[PDB]
Amino acid sequence: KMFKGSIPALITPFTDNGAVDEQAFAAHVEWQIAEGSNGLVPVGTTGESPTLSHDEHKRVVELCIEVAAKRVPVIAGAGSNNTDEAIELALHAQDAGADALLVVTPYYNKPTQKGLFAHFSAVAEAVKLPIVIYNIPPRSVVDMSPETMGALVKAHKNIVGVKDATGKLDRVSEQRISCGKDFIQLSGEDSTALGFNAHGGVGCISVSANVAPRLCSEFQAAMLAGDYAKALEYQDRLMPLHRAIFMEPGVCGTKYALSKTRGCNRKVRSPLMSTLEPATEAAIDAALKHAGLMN
Amino acid sequence: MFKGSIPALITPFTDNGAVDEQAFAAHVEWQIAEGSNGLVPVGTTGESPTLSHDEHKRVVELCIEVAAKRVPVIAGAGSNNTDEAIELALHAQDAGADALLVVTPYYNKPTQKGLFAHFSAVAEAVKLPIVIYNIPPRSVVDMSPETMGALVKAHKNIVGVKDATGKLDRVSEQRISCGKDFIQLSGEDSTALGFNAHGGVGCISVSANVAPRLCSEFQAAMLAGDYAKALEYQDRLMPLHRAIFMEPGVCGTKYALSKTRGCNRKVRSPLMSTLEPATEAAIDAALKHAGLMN
Amino acid sequence: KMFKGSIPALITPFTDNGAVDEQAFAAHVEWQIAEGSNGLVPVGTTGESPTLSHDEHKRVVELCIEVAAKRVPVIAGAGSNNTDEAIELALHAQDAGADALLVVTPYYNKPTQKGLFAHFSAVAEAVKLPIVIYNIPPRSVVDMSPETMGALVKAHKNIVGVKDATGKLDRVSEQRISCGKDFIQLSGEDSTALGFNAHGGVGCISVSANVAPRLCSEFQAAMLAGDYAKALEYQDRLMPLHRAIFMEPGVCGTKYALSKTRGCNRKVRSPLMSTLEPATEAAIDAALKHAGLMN
Amino acid sequence: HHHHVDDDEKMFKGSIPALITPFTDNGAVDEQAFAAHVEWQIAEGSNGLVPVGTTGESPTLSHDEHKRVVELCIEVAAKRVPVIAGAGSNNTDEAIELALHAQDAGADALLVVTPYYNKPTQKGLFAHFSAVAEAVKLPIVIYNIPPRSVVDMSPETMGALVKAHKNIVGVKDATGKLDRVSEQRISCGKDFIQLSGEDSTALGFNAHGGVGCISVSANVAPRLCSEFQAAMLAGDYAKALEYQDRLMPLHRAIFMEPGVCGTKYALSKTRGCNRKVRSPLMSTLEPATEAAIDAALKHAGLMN
């Protein structure tokens with residue numbers, strides 16, 4: 001009920017000097033809801049969580065909750081490779097009034113499966129909010145196995161879902177076995193959200209939704225209805241965009257696309273770049289025209 | 001023509017390692033009876049690497065004879081040697097095959113231009129439809145959608161792909177580069193479900209050797225657009241898909257068939273006629289789950 | 001002269017409660033110097049930088065400098081995937097009196113090569129200290145190319161070296177071409193420190209040196225002397241240890257080994273675990289006996 | 001003079017070219033060019049010869065051609081250096097046939113690749129190499145190359161083979177993981193013959209205990225490669241690094257595209273050799289690749 005459909009991994013707009021642009025962020029969230037987004041993820045990876053201060057992280061979560069006004073669930077990014085920091089970020093989001101938590105697998109320090117279990121257990125015990133595990137080997141290197149995931153689901157009632165960015169669709173099937181058919185599985189990959197739902201997924205936490213919220217929402221709606229022929233038609237319309245925004249970092253592809261369609265600021269924080277290669281920008285332009293978002 | 005559940009047929013051997021022609025014929029006949037929509041003789045799962053040229057030719061001919069035009073025969077004609085690939089392609093054409101399955105050259109690691117040259121040479125040599133068999137997990141090299149698109153434009157008889165990348169976004173990229181009419185068949189049993197959601201129209205399948213009826217019904221559900229039913233089949237078949245591939249698929253399959261149909265487990269070295277106890281236990285459990293064993 | 005030989009990537013010992021054990025750290029550093037270590041890296045990955053607060057990071061750097069007493073160079077860990085944070089950490093270490101900085105490639109957020117250039121350029125311009133680039137694709141996923149590295153070396157006089165944890169020894173040869181023969185190359189992999197120096201390396205920033213500082217120092221001394229036959233004898237003695245301490249995370253393998261030889265506390269911070277598998281502990285035990293560090 | 005080793009037993013070391021197989025314009029084996037290449041390799045200081053390995057285009061040769069080139073190599077070598085015949089296949093029966101032919105023809109050893117494409121288990125690898133080793137009396141060098149075969153023979157499997165078969169004597173190790181040399185010393189012994197299967201890391205490979213390299217670059221620069229290996233045998237690693245400085249651009253350039261094609265281009269420039277290869281390899285290269293090879297040849301002193 002809460003975790004379904006098209007859920008944007010919201011960008012964090014900045015002003016020219018790199019400061020958080022609260023006006024632009026609020027306007028983006030308002031527009032997302034109006035266009036049919038089924039949920040919101042503030043201050044995740046695509047919201048540039050790595051370069052935000054604790055105060056900025058807190059404020060954007062609070063602002064997202066305020067703008068949403070209980071219309072759609074707010075699933076706050078509360079990730080860290082430091083368990084104590086993850087708990088600290090999780091507790092704030094609970095106090096601020098978030099509906100759920102998105103918790104990434106620890107990156108860089110490369111814990112064991114038992115370390116992953118201990119990390120997520122400690123977060124789950126510290127809060128009452130529902131938790132969605134964010135398994136992303138392409139970023140974190142480590143990979144939570146279906147066995148570890150199943151163990152966490154059994155041990156903690158508030159571990160309710162996964163944002164699965166493995167890109168291995170057989171993992172959805174394996175997770176159905178280890179975690180149950182009721183376990184909430186959301187795609188962490190825009191380009192395979194289609195196949196992901198065919199395997200049992202019920203939505204996607206999406207980067208592309210930042211650019212094309214209506215099309216992404218209708219795409220997800222088609223799959224919920226069991227209309228996969230229509231879903232494939234949406235894939236035909238959207239795939240060039242999915243591909244183009246990820247030629248370089250998704251944050252930067254997304255902010256470029258929105259700079260063209262909506263006059264959004266391209267500013268990001270280092271080590272991300274406010275610029276893109278010409279072939280990337282050309283592909284994004286062509287993809288926007290193909291999707292009907294530009295002329 | 002080329003659609004649905006298409007078994008990547010095993011080649012049964014007798015105890016001494018010789019091709020068991022009668023066991024092969026019975027296997028093909030049963031496959032057709034159970035609803036398989038096409039046949040791939042002497043591909044990877046048919047142990048093409050360990051068959052002689054004479055054996056390869058004989059098994060292709062037998063498959064054609066047993067099929068009796070009921071379902072298409074898509075003959076394995078792969079090699080990392082272009083000249084050899086052409087020879088196998090020409091034989092299969094002369095024997096009366098309906099199409100050719102042509103693997104990307106393995107081991108020698110050609111460039112994209114080398115892949116283009118290889119497939120162009122095969123396509124120019126025969127009139128039969130060709131299905132490109134792109135399998136980076138075995139061949140290392142990976143035919144890009146751009147190279148694939150160039151081949152499709154250049155040769156009218158390059159009609160499809162058996163896509164074993166396991167990257168479902170590649171189906172979408174191949175729709176763009178090769179067209180929506182390009183025939184895409186899954187080369188991975190466990191993701192055949194998502195593959196068809198992305199535009200695929202079937203699967204060249206190892207699991208179909210063991211469960212041809214369930215695999216055919218699974219594919220039929222997807223053709224009908226009934227993806228809820230397809231997922232129910234996935235629930236039933238996934239343990240088998242996983243278990244068959246814990247060790248090499250040929251060996252997992254021949255073990256499963258030894259339990260259900262009294263098939264010989266014999267394979268040719270470097271494949272092994274044996275499996276680990278845990279693999280056999282997992283296959284046993286999967287067969288029970290699928291309703292193929294009590 | 002500064003950066004050479006056996007340079008331990010120092011562990012940060014904790015008490016049972018998880019607080020920094022300053023006394024144990026001081027004793028560890030003093031022993032390292034006594035046993036022949038040629039330099040020191042405090043608060044790097046193996047020092048559990050991800051789970052240390054800014055204050056703790058600061059204190060341990062300051063502590064390392066004081067105990068060292070200018071006997072060997074202190075190369076302070078100052079890594080982050082946030083450029084602003086990397087600068088802050090680098091500035092403190094400089095203020096504290098560090099001799100150099102070890103700066104990791106940004107992890108998790110996956111910048112482009114141009115993003116890597118921007119990140120390291122920003123750190124280099126902010127400080128006067130020499131900087132060693134820490135290129136570790138197994139942790140950061142991104143991989144600084146020899147071309148990007150060479151561009152940084154040309155642009156900034158204070159970018160002087162690399163801790164190369166690629167495990168691809170041909171990269172040393174490529175880095176000699178792009179960065180010059182005088183560019184300081186230090187192995188980031190204990191098990192291939194031998195081949196690394198044969199290719200032109202001049203030392204190793206080492207996890208194993210925490211456990212066997214004398215053997216590691218003598219090993220490096222043999223290679224400086226050009227005595228590769230002797231260096232291979234040390235490899236025979238040390239390889240089982242190199243392998244065993246990395247069966248599970250190196251921090252945890254190292255702290256177990258030190259618990260056996262020196263009575264070190266095994267405590268680490270989550271998501272790292274204070275425990276190991278029985279097979280790992282048995283392998284470390286066997287390796288210590290083989291090395292002559294236990295009976 | 002002849003090769004003798006004062007263990008009359010059984011010596012494979014130094015710079016050992018993975019010999020190309022020259023073709024005429026029509027793609028037929030050029031026996032004249034092959035013989036001339038072998039003769040020149042020996043004259044320039046190569047310490048052994050591998051005919052019809054991967055770089056000799058074994059995948060595109062017929063059985064007859066494979067046999068002929070092996071025999072020709074043995075004939076031309078005339079016992080001056082060891083001939084380690086390529087006898088690889090992913091079909092065990094075929095590997096045995098090739099092994100037996102090489103023995104009867106007078107080869108000194110076999111180079112036997114891990115089965116590619118069919119992806120056997122570790123136990124399958126053991127069975128494959130055991131069957132080959134039991135069939136012949138020749139020394140066998142295991143060719144472990146995960147970048148081509150995908151499968152990777154573990155040090156444990158390798159050690160088990162060494163224990164089971166006295167004629168399994170060495171490895172051509174193309175893992176590119178130098179810690180594997182150290183692990184193979186543990187599992188197979190310090191006397192196990194380890195030869196680098198990667199030109200660019202032959203330097204570090206010997207530092208870890210290797211005693212030579214089965215080499216693509218040696219086709220182009222046999223004298224420099226032999227002197228490079230001699231420096232390492234003498235323990236002169238500073239000199240070896242000077243050779244690496246001289247040769248690394250060539251190691252890199254010839255592998256920008258397939259090594260067979262990089263090598264045949266280089267030899268077309270230095271010695272007028274034919275660039276012809278058999279499909280799916282291409283007789284052509286990208287302009288930037290050729291330019292890089294040209295620059296590398298000049299740097300090495302092989303072209304003006």
# chains A, B, ... in the order shown; residues from 1 in each chain; ligands from 1
$ residues_around --residues "segment 232-244 of chain B" --least-positions-apart "3" --cutoff "10 Å" --atoms "only C-alpha atoms" --output "PyMOL selection string"
(chain A and resi 170+173-174+176-177+181+199-200) or (chain B and resi 188-193+205-208+210-211+214-215+217-219+221+227-229+247-256+278-291)
$ write_last_selection --atoms "N, CA and C atoms" --output "compact mmCIF listing (two decimals), in the first residue's frame"
# COMPACT_ATOMS: atom_id res chain seq x y z
N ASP A 170 16.90 -12.60 -11.72
CA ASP A 170 16.74 -13.87 -11.01
C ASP A 170 16.83 -13.68 -9.49
N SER A 173 13.39 -13.43 -7.98
CA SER A 173 12.86 -14.78 -7.78
C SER A 173 13.45 -15.45 -6.54
N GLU A 174 14.77 -15.30 -6.34
CA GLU A 174 15.44 -15.86 -5.17
C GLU A 174 15.00 -15.18 -3.87
N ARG A 176 12.01 -13.83 -3.45
CA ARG A 176 10.65 -14.35 -3.21
C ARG A 176 10.70 -15.63 -2.38
N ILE A 177 11.70 -16.47 -2.65
CA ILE A 177 11.91 -17.72 -1.91
C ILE A 177 12.40 -17.46 -0.48
N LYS A 181 6.66 -14.11 -0.68
CA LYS A 181 5.96 -13.44 -1.78
C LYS A 181 5.43 -12.06 -1.40
N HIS A 199 8.91 -10.20 -12.61
CA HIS A 199 9.44 -11.19 -11.68
C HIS A 199 8.83 -11.10 -10.28
N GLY A 200 8.00 -10.09 -10.05
CA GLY A 200 7.31 -9.96 -8.77
C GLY A 200 7.46 -8.62 -8.07
N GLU B 188 18.76 -17.44 -21.09
CA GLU B 188 18.87 -17.67 -19.66
C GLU B 188 17.51 -18.05 -19.07
N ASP B 189 17.39 -19.31 -18.66
CA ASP B 189 16.13 -19.84 -18.13
C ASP B 189 15.54 -19.02 -16.99
N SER B 190 16.39 -18.59 -16.06
CA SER B 190 15.93 -17.95 -14.84
C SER B 190 15.36 -16.54 -15.06
N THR B 191 15.70 -15.92 -16.19
CA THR B 191 15.21 -14.57 -16.50
C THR B 191 14.39 -14.50 -17.80
N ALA B 192 13.96 -15.66 -18.29
CA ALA B 192 13.09 -15.76 -19.47
C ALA B 192 11.80 -14.95 -19.26
N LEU B 193 11.35 -14.89 -18.01
CA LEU B 193 10.15 -14.14 -17.64
C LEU B 193 10.31 -12.64 -17.92
N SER B 205 16.20 -23.03 -24.23
CA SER B 205 16.08 -23.39 -22.82
C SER B 205 16.75 -24.71 -22.45
N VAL B 206 17.50 -24.70 -21.35
CA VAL B 206 18.07 -25.93 -20.81
C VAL B 206 17.01 -26.65 -19.98
N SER B 207 16.29 -25.89 -19.15
CA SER B 207 15.27 -26.46 -18.27
C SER B 207 14.16 -27.20 -19.02
N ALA B 208 13.89 -26.78 -20.26
CA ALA B 208 12.88 -27.44 -21.09
C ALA B 208 13.16 -28.92 -21.34
N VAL B 210 13.97 -30.98 -19.11
CA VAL B 210 13.47 -31.68 -17.93
C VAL B 210 11.97 -31.49 -17.75
N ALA B 211 11.50 -30.27 -18.01
CA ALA B 211 10.10 -29.90 -17.79
C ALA B 211 9.50 -29.25 -19.04
N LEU B 214 5.69 -27.77 -18.60
CA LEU B 214 5.62 -26.58 -17.77
C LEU B 214 6.27 -25.38 -18.45
N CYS B 215 7.41 -25.60 -19.10
CA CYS B 215 8.11 -24.53 -19.82
C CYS B 215 7.29 -24.01 -21.00
N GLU B 217 3.92 -24.18 -21.28
CA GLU B 217 2.78 -23.48 -20.70
C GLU B 217 3.17 -22.10 -20.16
N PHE B 218 4.35 -22.04 -19.55
CA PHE B 218 4.96 -20.79 -19.08
C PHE B 218 5.09 -19.79 -20.24
N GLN B 219 5.67 -20.25 -21.34
CA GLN B 219 5.84 -19.41 -22.52
C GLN B 219 4.49 -19.02 -23.13
N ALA B 221 1.66 -18.62 -21.57
CA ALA B 221 1.08 -17.59 -20.71
C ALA B 221 1.59 -16.20 -21.08
N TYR B 227 0.82 -12.37 -17.52
CA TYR B 227 2.07 -12.37 -16.75
C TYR B 227 1.90 -12.77 -15.29
N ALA B 228 0.69 -12.63 -14.76
CA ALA B 228 0.38 -13.15 -13.43
C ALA B 228 0.50 -14.68 -13.41
N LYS B 229 -0.04 -15.33 -14.45
CA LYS B 229 0.09 -16.78 -14.60
C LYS B 229 1.55 -17.17 -14.83
N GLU B 247 26.00 -26.77 -10.76
CA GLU B 247 27.15 -27.26 -11.52
C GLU B 247 26.77 -27.13 -13.01
N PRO B 248 27.62 -27.60 -13.94
CA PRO B 248 27.26 -27.36 -15.35
C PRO B 248 25.86 -27.86 -15.72
N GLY B 249 25.14 -27.03 -16.47
CA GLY B 249 23.75 -27.32 -16.86
C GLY B 249 23.51 -28.66 -17.52
N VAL B 250 24.46 -29.11 -18.34
CA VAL B 250 24.39 -30.42 -18.98
C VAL B 250 24.28 -31.53 -17.93
N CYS B 251 25.12 -31.42 -16.90
CA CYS B 251 25.19 -32.44 -15.87
C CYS B 251 24.00 -32.37 -14.91
N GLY B 252 23.56 -31.16 -14.59
CA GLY B 252 22.35 -30.97 -13.78
C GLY B 252 21.14 -31.56 -14.47
N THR B 253 21.03 -31.29 -15.77
CA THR B 253 19.93 -31.77 -16.61
C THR B 253 19.92 -33.29 -16.73
N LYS B 254 21.08 -33.88 -17.01
CA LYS B 254 21.15 -35.33 -17.17
C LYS B 254 20.89 -36.06 -15.86
N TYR B 255 21.26 -35.46 -14.73
CA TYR B 255 20.87 -36.02 -13.43
C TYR B 255 19.35 -35.99 -13.24
N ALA B 256 18.75 -34.83 -13.51
CA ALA B 256 17.29 -34.68 -13.37
C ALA B 256 16.56 -35.72 -14.22
N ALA B 278 25.06 -32.19 -2.46
CA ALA B 278 24.19 -31.03 -2.25
C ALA B 278 23.48 -30.59 -3.54
N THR B 279 24.15 -30.75 -4.68
CA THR B 279 23.54 -30.43 -5.97
C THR B 279 22.41 -31.41 -6.29
N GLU B 280 22.67 -32.70 -6.09
CA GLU B 280 21.67 -33.73 -6.33
C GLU B 280 20.46 -33.56 -5.40
N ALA B 281 20.73 -33.24 -4.13
CA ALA B 281 19.65 -32.96 -3.17
C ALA B 281 18.79 -31.78 -3.60
N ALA B 282 19.44 -30.71 -4.08
CA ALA B 282 18.73 -29.53 -4.56
C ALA B 282 17.90 -29.81 -5.81
N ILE B 283 18.44 -30.60 -6.73
CA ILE B 283 17.69 -31.01 -7.92
C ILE B 283 16.49 -31.88 -7.52
N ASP B 284 16.71 -32.84 -6.62
CA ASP B 284 15.62 -33.67 -6.10
C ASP B 284 14.49 -32.81 -5.52
N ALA B 285 14.86 -31.85 -4.67
CA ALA B 285 13.89 -30.97 -4.04
C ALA B 285 13.13 -30.12 -5.06
N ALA B 286 13.84 -29.65 -6.08
CA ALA B 286 13.24 -28.83 -7.12
C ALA B 286 12.26 -29.62 -7.98
N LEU B 287 12.60 -30.88 -8.27
CA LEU B 287 11.74 -31.77 -9.04
C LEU B 287 10.44 -32.05 -8.30
N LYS B 288 10.55 -32.28 -6.99
CA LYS B 288 9.37 -32.49 -6.15
C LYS B 288 8.50 -31.23 -6.14
N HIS B 289 9.14 -30.08 -5.95
CA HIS B 289 8.44 -28.79 -5.94
C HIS B 289 7.67 -28.54 -7.23
N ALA B 290 8.25 -28.96 -8.35
CA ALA B 290 7.64 -28.77 -9.67
C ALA B 290 6.59 -29.83 -10.01
N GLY B 291 6.46 -30.83 -9.15
CA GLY B 291 5.50 -31.92 -9.35
C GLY B 291 5.95 -32.99 -10.33
$ residues_around --residues "residue 115 of chain C" --least-positions-apart "6" --cutoff "12 Å" --atoms "only C-alpha atoms" --output "ChimeraX atom specification"
/A:248-249,252,268-276 /C:81-83,105-107,109,121-122,142-144,148,152
$ residues_around --residues "segment 13-29 of chain C" --least-positions-apart "6" --cutoff "8 Å" --atoms "only C-alpha atoms" --output "PyMOL selection string"
chain C and resi 56+60+63-64+67-68+264-269
$ write_last_selection --atoms "N, CA and C atoms" --output "PDB file, in the first residue's frame"
ATOM      1  N   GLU C  56      37.817  12.329  16.671  1.00  0.00           N
ATOM      2  CA  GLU C  56      38.637  11.131  16.851  1.00  0.00           C
ATOM      3  C   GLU C  56      39.723  11.047  15.785  1.00  0.00           C
ATOM      4  N   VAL C  60      43.789  11.151  16.793  1.00  0.00           N
ATOM      5  CA  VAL C  60      44.693  10.052  16.435  1.00  0.00           C
ATOM      6  C   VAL C  60      45.848  10.521  15.533  1.00  0.00           C
ATOM      7  N   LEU C  63      48.081  12.414  17.893  1.00  0.00           N
ATOM      8  CA  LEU C  63      48.738  11.408  18.718  1.00  0.00           C
ATOM      9  C   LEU C  63      49.875  10.708  17.977  1.00  0.00           C
ATOM     10  N   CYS C  64      49.611  10.306  16.736  1.00  0.00           N
ATOM     11  CA  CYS C  64      50.611   9.638  15.910  1.00  0.00           C
ATOM     12  C   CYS C  64      51.854  10.509  15.708  1.00  0.00           C
ATOM     13  N   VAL C  67      53.932  10.735  19.166  1.00  0.00           N
ATOM     14  CA  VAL C  67      54.672   9.505  19.453  1.00  0.00           C
ATOM     15  C   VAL C  67      55.831   9.304  18.469  1.00  0.00           C
ATOM     16  N   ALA C  68      55.593   9.601  17.190  1.00  0.00           N
ATOM     17  CA  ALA C  68      56.620   9.457  16.160  1.00  0.00           C
ATOM     18  C   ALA C  68      57.867  10.286  16.472  1.00  0.00           C
ATOM     19  N   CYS C 264      46.346  -7.471  21.939  1.00  0.00           N
ATOM     20  CA  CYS C 264      45.529  -6.380  21.385  1.00  0.00           C
ATOM     21  C   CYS C 264      44.043  -6.704  21.499  1.00  0.00           C
ATOM     22  N   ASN C 265      43.222  -5.677  21.696  1.00  0.00           N
ATOM     23  CA  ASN C 265      41.775  -5.830  21.754  1.00  0.00           C
ATOM     24  C   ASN C 265      41.228  -6.048  20.343  1.00  0.00           C
ATOM     25  N   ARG C 266      40.318  -7.010  20.207  1.00  0.00           N
ATOM     26  CA  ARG C 266      39.712  -7.341  18.913  1.00  0.00           C
ATOM     27  C   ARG C 266      38.559  -6.412  18.530  1.00  0.00           C
ATOM     28  N   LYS C 267      38.178  -5.523  19.449  1.00  0.00           N
ATOM     29  CA  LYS C 267      37.051  -4.618  19.236  1.00  0.00           C
ATOM     30  C   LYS C 267      37.210  -3.795  17.961  1.00  0.00           C
ATOM     31  N   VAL C 268      36.168  -3.820  17.135  1.00  0.00           N
ATOM     32  CA  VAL C 268      36.053  -2.944  15.969  1.00  0.00           C
ATOM     33  C   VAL C 268      34.679  -2.277  16.015  1.00  0.00           C
ATOM     34  N   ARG C 269      34.454  -1.299  15.145  1.00  0.00           N
ATOM     35  CA  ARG C 269      33.147  -0.651  15.076  1.00  0.00           C
ATOM     36  C   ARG C 269      32.301  -1.205  13.930  1.00  0.00           C
TER      37      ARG C 269
END
$ interface_residues --of "chain D" --to "chain C" --cutoff "6 Å" --atoms "only C-alpha atoms" --output "JSON, numbers by chain"
{"D": [179, 200, 201, 204, 207]}
$ write_last_selection --atoms "N, CA and C atoms" --output "mmCIF file, in the first residue's frame"
data_model
loop_
_atom_site.group_PDB
_atom_site.id
_atom_site.type_symbol
_atom_site.label_atom_id
_atom_site.label_comp_id
_atom_site.auth_asym_id
_atom_site.auth_seq_id
_atom_site.Cartn_x
_atom_site.Cartn_y
_atom_site.Cartn_z
ATOM 1 N N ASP D 179 50.081 -12.697 -6.859
ATOM 2 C CA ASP D 179 49.947 -13.478 -5.628
ATOM 3 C C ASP D 179 49.672 -14.961 -5.918
ATOM 4 N N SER D 200 53.457 -8.145 -20.079
ATOM 5 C CA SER D 200 53.577 -6.867 -19.381
ATOM 6 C C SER D 200 53.938 -7.018 -17.904
ATOM 7 N N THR D 201 53.723 -8.214 -17.355
ATOM 8 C CA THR D 201 54.010 -8.477 -15.939
ATOM 9 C C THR D 201 55.011 -9.616 -15.717
ATOM 10 N N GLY D 204 57.460 -8.688 -12.710
ATOM 11 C CA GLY D 204 56.973 -9.012 -11.372
ATOM 12 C C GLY D 204 56.780 -10.505 -11.171
ATOM 13 N N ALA D 207 59.987 -12.034 -10.147
ATOM 14 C CA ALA D 207 60.267 -11.591 -8.781
ATOM 15 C C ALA D 207 59.553 -12.487 -7.760
#
$ closest_residue --among "A:210, A:41, A:205, A:180" --to "chain B" --atoms "only C-alpha atoms"
A:180
$ residues_around --residues "residue 97 of chain C" --least-positions-apart "6" --cutoff "12 Å" --atoms "only C-alpha atoms" --output "ChimeraX atom specification"
/C:58,61-66,68-70,73-76,90-91,128-129
$ select_by_dssp --residues "segment 98-288 of chain C" --states "helix (DSSP H, G or I)" --output "PyMOL selection string"
chain C and resi 113-126+137-140+146-155+170-179+190-198+208-210+213-224+228-244+250-261+278-288
$ residues_around --residues "residue 48 of chain B" --least-positions-apart "6" --cutoff "8 Å" --atoms "only C-alpha atoms" --output "PyMOL selection string"
chain B and resi 42+56+76
$ write_last_selection --atoms "N, CA and C atoms" --output "PDB file, in the first residue's frame"
ATOM      1  N   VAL B  42      22.548 -30.253 -30.944  1.00  0.00           N
ATOM      2  CA  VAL B  42      24.003 -30.038 -30.894  1.00  0.00           C
ATOM      3  C   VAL B  42      24.453 -28.592 -30.675  1.00  0.00           C
ATOM      4  N   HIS B  56      28.166 -34.719 -34.919  1.00  0.00           N
ATOM      5  CA  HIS B  56      27.428 -33.468 -35.058  1.00  0.00           C
ATOM      6  C   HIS B  56      26.413 -33.570 -36.198  1.00  0.00           C
ATOM      7  N   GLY B  76      22.478 -26.138 -34.182  1.00  0.00           N
ATOM      8  CA  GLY B  76      23.729 -25.581 -33.671  1.00  0.00           C
ATOM      9  C   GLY B  76      24.783 -25.668 -34.761  1.00  0.00           C
TER      10      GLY B  76
END
